[PDB]
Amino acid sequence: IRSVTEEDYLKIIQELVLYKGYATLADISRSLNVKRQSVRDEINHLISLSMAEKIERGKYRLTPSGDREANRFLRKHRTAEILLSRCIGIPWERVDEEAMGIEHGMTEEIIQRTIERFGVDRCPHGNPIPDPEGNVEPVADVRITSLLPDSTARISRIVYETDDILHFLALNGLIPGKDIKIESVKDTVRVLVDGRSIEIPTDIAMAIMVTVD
C-alpha cells in the first residue's frame, strides 16, 4: 500500500523487543514486507543515528532515545486508532492496520481533541498514549506467561499487534480490562475468562500483559 517510513521501523522494532526481547532483520522484513537488504540498510542507518543498537549477532533493539522517538510516533498511531475505532467503528482487530495511512498526519490539534473528546489514555489494545515528548507513565503490569496456576489478573495491554494475534484475542474476548484466571501453563497458557476455558498458545501469550491483584 503505502511506502514504508522510518517510523514504521521504530514501531516494529519496539514491538518485537517488548514481545520476544529483540528484533531480527528477517522478522522486520516479514512484518514490513520489505526486502532484507533494505531492512539491513535502515538498521545500520538507525544505529549510526544512535536510534538503535546491536544486542548480539543478528539481534537489535532501540536505544533509549530511539524508544522515545518511537513513542512520539506511537502517540500519533494510537490516537489514530482511537479515532478510527470510536468514530467510525473500524473493528478492534483491524484498526492497527487501518491507522497506517492517516497516522503520520495526526497533528497535536487533532490528537488532543481526540483524547479529550473520547476521554481515553490508552489505545483500543490497552497501550498507553505517550506524551508529545515521548514519555509514558511507568505501568505496573507483567507477562501473562509469568503467572502461576490459580493466579488472577486483568488484561492490561497487547504489546505486539498482528493479525493472527488480534483476531484470536478478539474471538476469545481476551481484551484489555477482562479479568482472567490461570488454569494451566503446561504447553499453553489456559485461562478462565467469562466462564469459558481458553488455551492461549505461547506465541500469542507472549504478547499479553496483565495486572495482578
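Don't overthink the numbering: it's just position in the shown sequence, from 1.
Of the two segments, 66 to 74 and 179 to 187, the one listed with the higher mean B-factor is 179 to 187 (C-alpha atoms only).
Legend: mean Cα B-factor per stretch from the PDB entry, 136 to 144 versus 96 to 104; the higher mean is in 136 to 144. The top Cα temperature factor in the record, among 174, 153, 52, 32, falls on 153. When the CA B factors of the chain's modelled residues are split into thirds, the value for residue 169 lands in the lowest one.
Annotation for residue 128: CA B-factor lies in the lowest third of the chain's modelled residues. Per-chain ranking of the deposited C-alpha B factor places residue 161 in the middle third. Ranked by Cα temperature factor within the chain, residue 194 sits in the highest third according to the deposited record. In this PDB entry, the Cα temperature factor of residue 109 sits in the top third of its chain's modelled residues, the highest group.
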